[PDB]
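K.L.:
Have a look at this one.
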Amino acid sequence: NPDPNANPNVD
Amino acid sequence: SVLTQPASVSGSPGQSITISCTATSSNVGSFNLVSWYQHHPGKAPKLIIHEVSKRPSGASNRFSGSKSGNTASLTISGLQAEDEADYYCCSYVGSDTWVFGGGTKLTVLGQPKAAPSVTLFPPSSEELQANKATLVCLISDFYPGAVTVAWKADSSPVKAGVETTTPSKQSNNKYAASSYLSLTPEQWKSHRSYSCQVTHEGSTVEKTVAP
Amino acid sequence: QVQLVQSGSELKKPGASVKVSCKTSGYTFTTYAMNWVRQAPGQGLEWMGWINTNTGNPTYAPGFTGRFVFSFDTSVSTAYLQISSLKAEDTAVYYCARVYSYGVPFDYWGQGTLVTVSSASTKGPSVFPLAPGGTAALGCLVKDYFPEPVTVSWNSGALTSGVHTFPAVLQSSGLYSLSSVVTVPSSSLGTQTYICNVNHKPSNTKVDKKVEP
């Protein structure tokens with residue numbers, strides 16, 4: 001259940 | 001599939017249609033990361049709902065989205081002709097993975113029903129000289145675009161050597177399809193007749209040909 | 001604005017290889033992940049995976065491990081999909097799609113790249129005549145050709161009205177067949193000559209087949 005604003009394209 | 005959708009839904013112009021989407025596993029978790037897409041043929045899918053209900057700009061306000069339990073639902077109000085398309089739901093399933101539903105074919109019943117016109121040709125003379133045999137069943141002018149074709153030798157059914165197309169939209173917006181039965185020249189002349197049966201909306205049009 | 005432009009259709013034999021490209025523009029390529037979606041004939045959309053455009057780490061869904069490779073070339077803001085040891089069941093339209101966030105996945109899509117995997121070879125058609133209330137129907141059978149397309153006409157394009165050329169069949173053998181029929185007065189069959197003009201560009205073959213009662 002991640003945050004909808006979070007970007008999955010993390011470093 | 002991880003997300004179950006109805007294979008097809010039909011509505012008439014002006015009505016509102018609803019398309020369901022049930023999570024088959026708990027991998028969806030909260031089930032708050034649901035998204036819907038409109039997919040027209042030959043073109044790329046288009047996002048129309050995300051996060052269960054959020055409608056983005058550029059998608060018409062006739063599309064809405066709800067959720068109850070583990071069932072996400074897509075409603076299309078004031079149904080229009082250009083709404084006819086494939087519709088998919090999508091969900092995050094943990095560990096940076098997404099999954100789609102099987103898709104739903106939405107039909108906009110915007111035309112009076114039409115039974116198919118069938119035309120059956122026997123094998124040509126030339127083709128029999130070449131030691132092949134092909135029957136051509138041409139199906140046209142039927143709405144909606146869905147038929148089942150069955151072949152028969154005399155009265156017994158036949159499924160071997162059968163190749164049938166998917167219905168295709170004609171110029172006049174009615175549908176067309178074709179089916180071919182491949183035989184040996186001996187098989188062709190062995191029986192008294194062969195028949196092509198086109199079933200459309202529970203009614204059958206059948207053409208027969210004999211050597 | 002944002003744009004995903006993919007490469008053109010591909011035709012391949014089993015065992016061969018293919019590499020589809022997805023050029024981006026309108027946004028910083030490394031800020032957003034790139035995802036891949038497949039649609040096989042008569043099937044739905046199936047998520048294949050994504051690649052992190054910052055770390056390069058690829059994620060392959062079950063069913064696309066072992067033979068698929070996601071990659072990107074930041075020098076030209078392009079993502080790539082390569083398939084090794086192509087199988088017939090790879091035949092599908094492959095899309096690339098951007099993910100903006102967990103809440104907004106697949107907000108921009110490429111136009112799709114058709115990849116066809118067939119063991120059949122180029123072959124010209126075998127045209128056969130389909131001999132004929134008041135009106136009678138006759139046509140031609142365009143049989144066993146590869147690849148698509150065929151074009152049919154009638155009497156060098158002088159018999160447009162009353163004509164219907166049907167979409168093609170894909171035989172289990174991998175070759176295509178179609179037919180076009182024309183509805184014409186039966187009073188005409190006496191010396192009014194009907195010819196179907198078949199053109200199969202791939203095989204550089206044209207056939208004008210006389211259809212006589």
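Following the order of the structure tokens, chains are lettered A, B, ..., residues in each are numbered from 1, and ligands are numbered from 1.
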Please identify every residue of chain A that has at least one atom no farther than 8 Å from an atom of chain B, counting only C-alpha atoms, and for each give the shortest atom pair and the distance in Å to one decimal, arranged by chain then increasing number, as a tab-separated table.

P.N.:
residue	atom	partner	partner_atom	distance
A:1	CA	B:30	CA	6.2
A:4	CA	B:33	CA	7.3
A:8	CA	B:96	CA	7.3

K.L.:
Could you work out which residues of chain B fall inside 7 Å of chain C? Count only C-alpha atoms, and format the result as a compact mmCIF listing (two decimals) with N, CA and C atoms, in the first residue's frame.

P.N.:
# COMPACT_ATOMS: atom_id res chain seq x y z
N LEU B 33 -5.32 1.73 -5.48
CA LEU B 33 -4.51 2.12 -6.63
C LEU B 33 -5.07 1.48 -7.89
N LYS B 43 -5.32 2.07 -31.97
CA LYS B 43 -4.79 3.19 -31.21
C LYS B 43 -4.35 2.71 -29.84
N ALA B 44 -3.60 3.56 -29.16
CA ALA B 44 -3.05 3.18 -27.87
C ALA B 44 -4.09 3.35 -26.77
N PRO B 45 -3.99 2.57 -25.69
CA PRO B 45 -4.89 2.77 -24.56
C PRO B 45 -4.80 4.19 -24.02
N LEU B 47 -5.71 6.56 -20.49
CA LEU B 47 -6.08 6.59 -19.08
C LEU B 47 -7.31 7.47 -18.89
N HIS B 50 -7.96 6.95 -12.43
CA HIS B 50 -6.86 6.48 -11.61
C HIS B 50 -7.19 6.73 -10.14
N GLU B 51 -6.58 5.93 -9.27
CA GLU B 51 -6.86 6.01 -7.83
C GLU B 51 -8.35 5.83 -7.55
N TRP B 98 2.36 -4.27 -11.47
CA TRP B 98 0.99 -3.96 -11.82
C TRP B 98 0.39 -5.14 -12.58
N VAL B 99 -0.93 -5.20 -12.61
CA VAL B 99 -1.64 -6.24 -13.33
C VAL B 99 -2.89 -5.64 -13.95
N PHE B 100 -3.27 -6.17 -15.10
CA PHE B 100 -4.48 -5.75 -15.80
C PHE B 100 -5.57 -6.79 -15.64
N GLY B 102 -8.93 -8.84 -17.52
CA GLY B 102 -9.16 -9.46 -18.82
C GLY B 102 -9.73 -8.52 -19.86
N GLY B 103 -10.27 -7.38 -19.45
CA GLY B 103 -10.89 -6.46 -20.39
C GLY B 103 -12.36 -6.76 -20.61
N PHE B 121 -20.30 -21.11 -51.64
CA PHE B 121 -19.80 -21.56 -52.93
C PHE B 121 -19.21 -22.96 -52.80
N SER B 124 -14.39 -24.79 -56.78
CA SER B 124 -14.30 -24.47 -58.19
C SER B 124 -13.79 -25.67 -58.98
N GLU B 126 -11.37 -25.54 -61.31
CA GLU B 126 -9.91 -25.46 -61.30
C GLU B 126 -9.34 -26.09 -60.04
N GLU B 127 -9.87 -25.73 -58.87
CA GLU B 127 -9.32 -26.24 -57.62
C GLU B 127 -9.43 -27.75 -57.54
N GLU B 163 -11.78 -23.07 -40.95
CA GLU B 163 -11.11 -21.82 -40.62
C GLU B 163 -12.12 -20.69 -40.75
N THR B 164 -12.34 -19.96 -39.65
CA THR B 164 -13.36 -18.91 -39.59
C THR B 164 -12.75 -17.61 -39.10
N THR B 165 -13.20 -16.50 -39.66
CA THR B 165 -12.69 -15.18 -39.32
C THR B 165 -13.42 -14.60 -38.12

K.L.:
Contacts from chain C to chain A, 7 Å maximum, only C-alpha atoms: show me the residue list as a ChimeraX atom specification.

P.N.:
/C:31-33,52-55,100-103

K.L.:
Write the selection just made, keeping C-alpha atoms, as a PDB file, in the first residue's frame?

P.N.:
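Writing done, so here's selection-v7.pdb:
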ATOM      1  CA  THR C  31      12.652  10.953 -13.960  1.00  0.00           C
ATOM      2  CA  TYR C  32       9.900   8.440 -14.783  1.00  0.00           C
ATOM      3  CA  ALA C  33       9.929   4.667 -15.165  1.00  0.00           C
ATOM      4  CA  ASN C  52      14.002   2.053 -13.526  1.00  0.00           C
ATOM      5  CA  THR C  53      15.430   4.776 -15.759  1.00  0.00           C
ATOM      6  CA  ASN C  54      17.710   5.985 -12.921  1.00  0.00           C
ATOM      7  CA  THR C  55      19.221   2.725 -11.631  1.00  0.00           C
ATOM      8  CA  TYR C 100       4.131   9.099 -13.379  1.00  0.00           C
ATOM      9  CA  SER C 101       3.423   7.798  -9.866  1.00  0.00           C
ATOM     10  CA  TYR C 102       1.891   4.864  -8.033  1.00  0.00           C
ATOM     11  CA  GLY C 103      -1.473   6.630  -8.287  1.00  0.00           C
TER      12      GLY C 103
END

K.L.:
Report, in Å to a single decimal, how far apart CA of residue 41 (chain B) and CA of residue 117 (chain C) are.

P.N.:
20.7 Å

K.L.:
Could you name the residues that touch residue 208 (chain B) at 10 Å or less, counting only C-alpha atoms, but leaving out those on the same chain fewer than 5 positions away, as a PyMOL selection string?

P.N.:
chain B and resi 119-122+151-154+193-197

K.L.:
CA of residue 179 (chain B) and CA of residue 205 (chain B) are how many Å apart?

P.N.:
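A separation of 13.8 Å between them.
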
K.L.:
Return as a list in words the full set of residues in region 143-185 of chain B whose backbone-based DSSP assignment is strand (DSSP E or B).

P.N.:
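DSSP-assigned strand (DSSP E or B) residues in region 143-185 of chain B: residues 143, 148, 149, 150, 151, 152, 153, 156, 157, 158, 162, 163, 164, 168, 169, 175, 176, 177, 178, 179, 180, 181, 182 and 183 of chain B.
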
K.L.:
Considering only C-alpha atoms, return as a PyMOL selection string whatever protein or nucleic-acid residues lie within 10 Å of residue 6 (chain C), sequence-local ones (same chain, fewer than 2 positions apart) excluded.

P.N.:
chain C and resi 3-4+8-9+20-24+78-80+94-96+109-113

K.L.:
Excluding residue 13 (chain C) and any residue of its chain fewer than 3 positions from it, enumerate the residues within 8 Å of it, using only C-alpha atoms, and give them as a list in words.

P.N.:
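With the cut-off at 8 Å, the set is residues 16, 86, 117, 118, 119 and 120 of chain C.
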
K.L.:
Hey, what's within 12 Å of residue 16 (chain B) if we count only C-alpha atoms and toss same-chain stuff fewer than 4 positions away? As a ChimeraX atom specification, please?

P.N.:
/B:9-12,62-64,74-80,83,106,108

K.L.:
Which value, in Å to one decimal, gives the distance between CA of residue 150 (chain C) and CA of residue 125 (chain C)?

P.N.:
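Computing the Euclidean distance for CA of residue 150 (chain C) and CA of residue 125 (chain C) yields 8.8 Å.
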